[PDB]
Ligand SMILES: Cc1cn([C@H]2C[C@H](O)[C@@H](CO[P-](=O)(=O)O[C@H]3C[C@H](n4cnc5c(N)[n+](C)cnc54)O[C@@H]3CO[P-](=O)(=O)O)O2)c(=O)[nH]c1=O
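Below, in structure tokens: the form deposited without the ligand, a single chain.
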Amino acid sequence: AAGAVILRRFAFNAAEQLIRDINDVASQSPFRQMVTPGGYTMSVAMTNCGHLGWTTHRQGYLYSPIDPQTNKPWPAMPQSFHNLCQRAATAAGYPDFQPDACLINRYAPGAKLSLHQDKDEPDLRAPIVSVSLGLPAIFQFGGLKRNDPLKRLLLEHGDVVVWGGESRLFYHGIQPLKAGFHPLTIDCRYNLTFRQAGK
């Protein structure tokens, strides 16, 4: 899509370390399946690291310094996360990107992410950096309207997408995860999305 940059296998050499750091983050702020304000439990399990974390609070979504499950700050952003995000963001031409939030998604087979926009960040000029690890997933994206036609791209282990420019506000999602196996993740896919969430 216009504005979006795909860097295939950009995070391949870093994957092992990133996965260790995911485990470390989740040991402090555990993965949970958040409940939408619609009352549905998501198939995707989530957690956050960094100064701010995306979560549900009082039947709604927000960036918060505190993990509502633990009542403690989200774990600090791992070095591996920060390094890889910056190498990706710079390669795609976003030198001033300074992320302070990393949402971590975990997909078991069957798990999917419904069509949505990321429009909750203060500056929409800032991109989102997205890192795929483990099992491959079909990423779908449309446009500015919920009913716009979808295009599909397979995202694989180590792929990084820098989601900026025109595509920044496009609706997008993930199709039900095909069952499979990966040496590093076992039977799941992880996705990291780095954001400038602070005002």
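Numbers for residues come from their place in the sequence shown, where the first is 1. C-alpha atoms forming the largest set that superposes within 1.5 Å between two forms make up the rigid core.
A.B. asks: Between 154 to 162 and 137 to 145, where do the CA atoms move more in 4 other deposited structures of this protein, taking the root mean square over the structures and residues after a core fit?
C.D. replies: Once the cores are fitted, 137 to 145 deviates more in 4 other deposited structures of this protein.
A.B. asks: Which stretch is more displaced from the shown form in 4 other deposited structures of this protein, 30 to 38 or 50 to 58, with RMS over structures and residues of Cα positions after a rigid core fit?
C.D. replies: More C-alpha displacement in 4 other deposited structures of this protein shows up in 50 to 58.
A.B. asks: Higher mean Cα B-factor in the deposited model: 13 to 21 or 179 to 187?
C.D. replies: Comparing 13 to 21 with 179 to 187, the higher mean C-alpha B-factor belongs to 179 to 187.
A.B. asks: On average, which has the higher Cα B-factor in the deposited entry, 72 to 80 or 85 to 93?
C.D. replies: Higher of the two, by average CA B-factor, is 85 to 93.
A.B. asks: Highest Cα B-factor in the PDB entry belongs to which of 134, 164, 30, 39?
C.D. replies: The record points to 39.
A.B. asks: Taking the values straight from the PDB record, which of 173, 158, 143, 53 has the highest C-alpha temperature factor?
C.D. replies: Highest CA B-factor of the listed options: 143.
A.B. asks: Sort the modelled residues of this chain by their C-alpha B factor and say whether residue 112 lands in the lowest, middle or highest third.
C.D. replies: Answer is middle: the recorded C-alpha B-factor places it there.
A.B. asks: With respect to C-alpha B-factor, does residue 152 fall in the lowest, middle or highest third of the chain as deposited?
C.D. replies: Bottom third by C-alpha B-factor.
A.B. asks: What third of the chain, by the recorded C-alpha B-factor, contains residue 44?
C.D. replies: Residue 44: CA B-factor falls in the middle third of its chain.
A.B. asks: Name the third of the chain's ranked CA B-factors that contains residue 66, choosing lowest, middle or highest.
C.D. replies: According to the entry, residue 66 has a C-alpha B-factor in the chain's middle third.
A.B. asks: Taking the C-alpha B-factors as the PDB entry records them, is residue 4 in the lowest, middle or highest third of its chain?
C.D. replies: For residue 4, the deposited C-alpha B-factor lands in the middle third.
The same protein also has a form solved in complex with the ligand, omitted here; what follows describes it.
A.B. asks: Going by a heavy atom distance of 4.5 Å, is residue 120 a contact of the ligand in the deposited bound form?
C.D. replies: Residue 120: contacts the ligand in the deposited bound form.
A.B. asks: Verify the contact flag for residue 36: yes if a non-hydrogen atom of it lies within 4.5 Å of a non-hydrogen atom of the ligand in the deposited bound form, no if not.
C.D. replies: The answer is yes: residue 36 has a heavy atom within 4.5 Å of the ligand.
A.B. asks: I'd like to know whether residue 91 contacts the ligand in the deposited bound form, with contact meaning heavy atoms within 4.5 angstroms.
C.D. replies: Close contact is absent here: in the deposited bound form, residue 91 is far from the ligand, nothing within 4.5 Å, heavy atoms only.
A.B. asks: Even though the ligand is not shown here, does residue 115 get within 4.5 Å of it in the deposited bound form, heavy atoms only?
C.D. replies: Yes, contact at 4.5 Å.
A.B. asks: Could you run down 183 to 199 and flag each residue that has a heavy atom within 4.5 Å of the ligand in the deposited bound form?
C.D. replies: Only a single residue, 195, comes within 4.5 Å of the partner.
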